[PDB]
There are 2 protein chains.
Amino acid sequence: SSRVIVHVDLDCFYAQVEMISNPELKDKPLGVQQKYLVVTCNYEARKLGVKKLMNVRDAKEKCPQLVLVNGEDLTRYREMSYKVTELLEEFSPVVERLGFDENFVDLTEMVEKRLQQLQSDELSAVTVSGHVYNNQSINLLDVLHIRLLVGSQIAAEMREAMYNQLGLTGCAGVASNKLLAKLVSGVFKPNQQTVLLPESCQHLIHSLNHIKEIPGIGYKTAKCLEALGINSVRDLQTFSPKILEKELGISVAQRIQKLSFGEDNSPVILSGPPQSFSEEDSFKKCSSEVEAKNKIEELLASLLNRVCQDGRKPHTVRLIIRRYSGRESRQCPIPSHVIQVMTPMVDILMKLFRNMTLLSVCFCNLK
Amino acid sequence: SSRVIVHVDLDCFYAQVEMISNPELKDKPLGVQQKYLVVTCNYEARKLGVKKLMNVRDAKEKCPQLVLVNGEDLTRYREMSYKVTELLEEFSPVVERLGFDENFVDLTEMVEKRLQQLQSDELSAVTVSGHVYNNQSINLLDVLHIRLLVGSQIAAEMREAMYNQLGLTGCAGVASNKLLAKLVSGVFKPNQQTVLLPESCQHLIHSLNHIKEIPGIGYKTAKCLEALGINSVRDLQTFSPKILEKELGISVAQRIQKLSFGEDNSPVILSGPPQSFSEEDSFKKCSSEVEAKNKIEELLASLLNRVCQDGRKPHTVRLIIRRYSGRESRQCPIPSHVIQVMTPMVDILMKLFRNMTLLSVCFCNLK
DNA sequence: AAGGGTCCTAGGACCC
DNA sequence: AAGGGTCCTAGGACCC
Ligand SMILES: Cc1cn([C@H]2C[C@H](O)[C@@H](COP(=O)(O)OP(=O)(O)OP(=O)(O)O)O2)c(=O)[nH]c1=O
Ligand SMILES: Cc1cn([C@H]2C[C@H](O)[C@@H](COP(=O)(O)OP(=O)(O)OP(=O)(O)O)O2)c(=O)[nH]c1=O
Ligand SMILES: [Ca+2]
Ligand SMILES: [Ca+2]
Ligand SMILES: [Ca+2]
Ligand SMILES: [Ca+2]
């Protein structure tokens with residue numbers, strides 16, 4: 001029943017990538033820019049008040065020296081993300097990706113294998129690597145403590161390999177399920193790691209100050225919960241199961257109430273190859289003219305290049321748009337003879353276009 | 001490029017099943033009844049005017065002696081259907097099911113293997129089994145003719161095994177793709193088979209009298225086509241690709257126009273185990289009372305029994321309803337602890353019920 | 001008042 | 001005027 005899960009979360013991911021390619025940007029407050037948004041920044045820039053997802057206007061207002069590099073093309077970040085996932089896959093094959101810079105690994109089989117190689121002597125010598133959440137005391141006679149400490153040791157090897165082999169720093173969190181691993185990985189956050197022993201699980205979930213900090217409780221779910229007088233984790237822990245069910249759904253309810261107790265039986269999923277390939281362009285209604293075709297052609301070339309280099313081929317294409325004021329989309333299957341190119345593909349999309357501040361294309365249904 | 005496909009289609013399937021279990025019902029006009037609908041009938045009953053999908057009222061008006069057996073529980077038909085598919089799977093593993101009584105098999109690899117065992121002597125001795133569509137003359141020096149005749153020979157073995165091993169008769173159609181195999185299988189229809197040589201493909205598609213007879217052109221697509229002045233297969237063959245595209249979709253258009261030429265590159269799919277498990281009950285608004293729970297409990301017991309006997313377990317449940325006057329449905333994931341029962345499951349469904357002439361339950365998302 | 005199936009679509013909620 | 005992802009849902013079109 002008892003699992004040992006690790007959650008890995010890279011430091012200022014995009015900024016770290018740019019800092020690696022241009023070693024200079026180190027020691028200097030660095031922001032990575034996407035249109036008007038400083039999507040992230042390195043930790044220098046955070047000392048000087050810059051925050052993640054901050055308008056470029058406010059970002060300089062706080063840091064007029066902030067160096068900005070453009071991060072609208074994700075290619076280099078996407079490439080590093082998969083190098084990280086591939087490296088962790090060497091440790092244990094079942095690695096679940098979450099976004100570009102997080103990975104879960106179920107270390108359970110691994111922890112168990114390392115224990116069978118030890119004796120009663122080695123067992124009393126087992127030590128933690130990194131922080132223990134809430135400064136909790138360890139009990140070496142507690143098998144669960146021993147296994148989570150072995151997890152912490154695997155997590156440090158992972159982070160060390162990530163640095164030695166890819167030049168990347170990040171955090172790790174080790175716990176008994178994915179929810180808790182992800183919540184504990186951020187407790188000590190610049191390039192460090194934390195392990196959560198079970199006795200401190202309630203301290204961890206009650207350290208949160210609003211329910212949206214629970215992975216799985218988003219903007220909409222949070223809004224509906226405060227509208228019911230639910231604000232703290234304990235409020236959600238103690239709320240009526242029935243009212244919850246019959247307010248936002250038996251699905252949402254029974255799951256986010258379980259989460260509110262630190263419970264989560266979800267398995268670590270093997271993410272494997274991507275399920276989709278998309279690109280976007282945003283603009284200040286900078287498209288009013290069906291010559292919008294050009295934007296779509298540009299998105300095409302990139303996507304076709306990424307697909308070709310993947311190796312599989314998609315069987316569905318989708319076009320997404322946003323109208324000034326809530327996105328809309330039209331998809332259609334891809335014809336057989338095309339699947340084995342620009343000219344046919346753009347004609348497809350323009351008809352999907354004409355059937356209907358942002359333009360996007362998605363290739364999915366990959367085989 | 002060139003395939004040899006077989007399409008198998010059982011005679012008066014439900015009626016045949018009932019006739020087997022109760023050998024008496026043979027020689028007697030037999031109708032299988034579902035509420036007010038004689039869903040099918042044996043061929044005796046068809047001589048006397050009974051037709052498939054005919055009200056029981058009209059069915060006796062034509063045949064006041066018509067014996068009727070109730071076919072609302074599909075269990076025995078479902079069981080035979082899979083015995084048929086399993087038998088054809090012995091011939092070639094990739095068998096595609098369509099409904100309960102049709103199967104496609106790609107005989108291409110099989111045909112080719114049998115040819116390599118023959119010599120120029122055996123090649124001039126190759127004969128057809130069954131009918132040749134349109135009485136077309138065979139050219140033994142035509143490799144395509146030879147391969148489709150070998151297909152016709154495999155199709156006769158299949159039908160013979162189906163009879164010797166399962167007591168079931170049906171038709172087969174052999175052609176170069178699934179569309180044409182399915183259209184030619186019905187040309188000689190009580191327990192016979194037909195092979196389509198390529199020179200007669202246009203004769204086959206133009207033998208149809210309305211476009212809805214094309215598999216893939218349904219009620220809605222047909223209605224929209226007649227509304228555009230499209231009525232014959234040739235009308236659809238010759239219609240504007242552009243207008244078609246921009247009237248019902250690049251998907252629907254480019255595909256049903258291809259079909260209208262007898263073209264179809266769709267592969268034979270391995271259907272394998274079912275993707276869902278559902279049951280239904282219909283009634284003359286015989287449910288106005290949330291004691292509708294009982295109907296749902298009854299559907300449950302059966303579905304739980306079928307699932308348990310399958311071996312896999314579902315991860316989604318769905319409830320469907322129809323209101324007097326266009327169906328509606330609510331689904332939700334299945335909780336982990338239940339998946340490994342009646343009481344929890346019915347409570348799930350009643351809340352899905354209350355969130356909302358027919359009641360149905362579906363188990364899908366099987367793992 | 002059939003009684004089943006397969007697969008696609010537009011959208012939505014969540015994650016980073 | 002971010003720029004990406006994963007997965008679910010209610011419905012719809014088709015097949016028998
Ligand atoms: C949340 C989020 C992340 N990202 C990108 C940029 C981030 O570098 C990357 C990972 O996001 P985060 O891990 O959430 O932030 P971070 O890695 O940049 O900084 P931290 O050290 O606190 O973890 O994903 C977006 O582009 N948009 C978003 O809304
Ligand atoms: C088309 C159809 C079939 N069925 C069932 C009953 C049929 O026995 C079975 C197969 O249908 P069909 O093969 O279309 O008809 P049939 O097999 O009964 O008669 P035939 O010899 O002409 O092929 O599926 C329905 O219940 N409802 C329907 O709408
Ligand atoms: Ca992160
Ligand atoms: Ca991060
Ligand atoms: Ca049939
Ligand atoms: Ca039939």
Side-chain angles (χ1 to χ4, degrees), chain A residues 9 13-14 32-40 53 71-74 77-78 81 96-102 182 215-221 249 251-252 269 271 274-286 316 318 320 322 324 327-333 357-358 360 362 365, chain B residues 9 13-14 32-40 53 71-74 77-78 81 96-102 182 215-221 249 251-252 269 271 274-286 316 318 320 322 324 327-333 357-358 360 362 365:
Chain A
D9 181 343
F13 182 46
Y14 291 7
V32 179
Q33 188 179 17
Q34 292 181 333
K35 299 286 200 274
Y36 63 97
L37 189 76
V38 192
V39 74
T40 195
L53 305 172
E72 288 164 13
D73 186 289
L74 306 190
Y77 318 139
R78 204 167 58 238
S81 163
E96 196 184 326
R97 294 166 55 84
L98 188 60
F100 278 13
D101 88 322
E102 296 186 21
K182 183 171 160 64
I217 302 178
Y219 176 110
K220 156 267 184 304
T221 312
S251 63
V252 177
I269 306 300
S271 302
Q275 294 300 114
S276 56
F277 289 91
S278 85
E279 299 202 4
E280 318 194 6
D281 193 327
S282 227
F283 26 71
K284 311 181 264 233
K285 226 176 181 151
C286 312
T316 308
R318 165 168 91 140
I320 312 84
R322 186 182 47 207
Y324 220 101
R327 300 170 176 213
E328 329 184 13
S329 75
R330 297 284 181 278
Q331 45 183 97
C332 87
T357 88
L358 175 284
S360 180
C362 183
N365 208 322
Chain B
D9 181 343
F13 182 46
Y14 291 7
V32 179
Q33 188 179 17
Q34 292 181 333
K35 299 286 200 274
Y36 63 97
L37 189 76
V38 192
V39 74
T40 195
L53 305 172
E72 288 164 13
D73 186 289
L74 306 190
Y77 318 139
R78 204 167 58 238
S81 163
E96 196 184 326
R97 294 166 55 84
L98 188 60
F100 278 13
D101 88 322
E102 296 186 21
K182 183 171 160 64
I217 302 178
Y219 176 110
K220 156 267 184 304
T221 312
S251 63
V252 177
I269 306 300
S271 302
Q275 294 300 114
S276 56
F277 289 91
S278 85
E279 299 202 4
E280 318 194 6
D281 193 327
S282 227
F283 26 71
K284 311 181 264 233
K285 226 176 181 151
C286 312
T316 308
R318 165 168 91 140
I320 312 84
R322 186 182 47 207
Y324 220 101
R327 300 170 176 213
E328 329 184 13
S329 75
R330 297 284 181 278
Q331 45 183 97
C332 87
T357 88
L358 175 284
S360 180
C362 183
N365 208 322

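In what follows, chains carry the letters A, B, and so on, assigned in the order in which the sequence lines appear, proteins first and then strands, with residues in each chain numbered from 1. Note: hydrogens, waters and symmetry copies are ignored here, and every other heavy atom, side chains too, is used.
Between the side chain of A/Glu72 and the main chain of A/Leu74, no donor-acceptor pair closer than 3.5 Å is present. The backbone N or O of B/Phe283 sits nowhere less than 3.5 Å from a side-chain atom of B/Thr357 that would complete a donor-acceptor pair. With hydrogens and angles disregarded, a donor-acceptor distance shorter than 3.5 Å links the side chain of B/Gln34 to the backbone of B/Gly71.
Checking D/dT9, D/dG3, D/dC7 against the side-chain heavy atoms of A/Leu74 singles out D/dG3 as nearest. Distances were taken from every side-chain heavy atom of A/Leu98 (C-beta onward) to each of C/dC16, C/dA1, C/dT9; the shortest belongs to C/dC16. The A/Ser276 side chain lies nearest to D/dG5 when the options are C/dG4, C/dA1, D/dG5. The B/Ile269 side chain lies nearest to C/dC7 when the options are D/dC16, C/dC7, C/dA1. Comparing atom distances between the A/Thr357 side chain and each of D/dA1, D/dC7, C/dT9 picks out D/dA1 as nearest. Distances were taken from every side-chain heavy atom of A/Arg330 (C-beta onward) to each of D/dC15, C/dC16, C/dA10; the shortest belongs to C/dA10. With C/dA1, C/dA13, D/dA13 as the choices, the nucleotide that has an atom nearest any side-chain atom of B/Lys220 turns out to be D/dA13. For B/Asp101, counting side-chain heavy atoms from C-beta on, the closest listed nucleotide (C/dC15, D/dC14, D/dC16) is D/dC16. Residue A/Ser329 has its side chain nearest to C/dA10 when only C/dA10, D/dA10, C/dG3 are considered. With C/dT6, C/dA10, C/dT9 as the candidates, the nucleotide lying closest to the side chain of A/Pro333 is C/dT9.
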After noting the C-alpha distance and the side-chain angles of B/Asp281 and B/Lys35, does the key distance pass the salt bridge (charged side-chain N to carboxylate O under 4.0 Å, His left out) rule?
-> CA-CA 10 Å; B/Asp281 193 327; B/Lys35 299 286 200 274; 3.6 Å; yes
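Among the protein residues, A/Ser271 comes within range of no part of the nucleic acid, since none of its heavy atoms lies under 4.0 Å from any strand. The residue B/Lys284 sits close to a base: some heavy atom pair falls under 4.0 Å. Backbone-only engagement by A/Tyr219 is indicated by non-hydrogen atom pairs under 4.0 Å involving sugar-phosphate atoms exclusively. B/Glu279 comes within 4.0 angstrom of sugar-phosphate atoms only, judged by non-hydrogen atoms across all strands, and of no base. Residue B/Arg97 is out of contact with every strand shown, counting any heavy-atom pair closer than 4.0 Å. Within 4.0 Å (heavy atoms only), B/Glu72 reaches sugar-phosphate atoms of the nucleic acid but no base atom. Nucleic acid contact for A/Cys286: none, since no nucleic acid atom lies under 4.0 Å from a heavy atom of the residue. At a threshold of 4.0 angstrom between heavy atoms, the contacts of B/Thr221 are confined to the sugar-phosphate backbone, with no base atom among them. Here A/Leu358 lies out of heavy-atom contact (under 4.0 Å) with every strand. Using a 4.0 Å heavy-atom distance criterion, A/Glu280 is classed as a base contact.
Look at B/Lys182 and you'll find a side-chain N or O under 4.0 angstrom from OP1 or OP2 of D/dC16. Within the structure, a side-chain polar atom (N or O) of B/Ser278 is placed less than 4.0 Å from OP1 or OP2 of C/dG5.
Rounding to whole angstrom units, CG of residue B/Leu53 and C1' of D/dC15 are separated by 13 Å. The CD atom of B/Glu102 sits 8 Å away from the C1' atom of D/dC15 (whole-angstrom rounding).
The nearest heavy atom of DNA chain D to A/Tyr324 and to A/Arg78 marks one nucleotide each, and the one closer to the 5' end goes with A/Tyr324. Projected onto DNA chain C by closest heavy-atom contact, B/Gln275 and B/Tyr14 fall at different nucleotides, the more 5' of which corresponds to B/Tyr14.
Relative orientation of the B/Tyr14 and B/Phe100 rings is tilted, given thresholds of 30° and 60° on the angle between their planes.
A negative value of the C1'-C2'-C3'-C4' torsion places the sugar of D/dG12 in the southern pucker family.
In this structure, a donor-acceptor pair under 3.5 Å is absent between the side chains of B/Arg318 and B/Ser276.
Counting heavy atoms from C-beta outward, B/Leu53 and B/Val39 have side chains that approach closer than 4.5 Å.
Pairing of C/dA13, defined by two Watson-Crick or G-U wobble distances under 3.5 Å, is identified with D/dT6.
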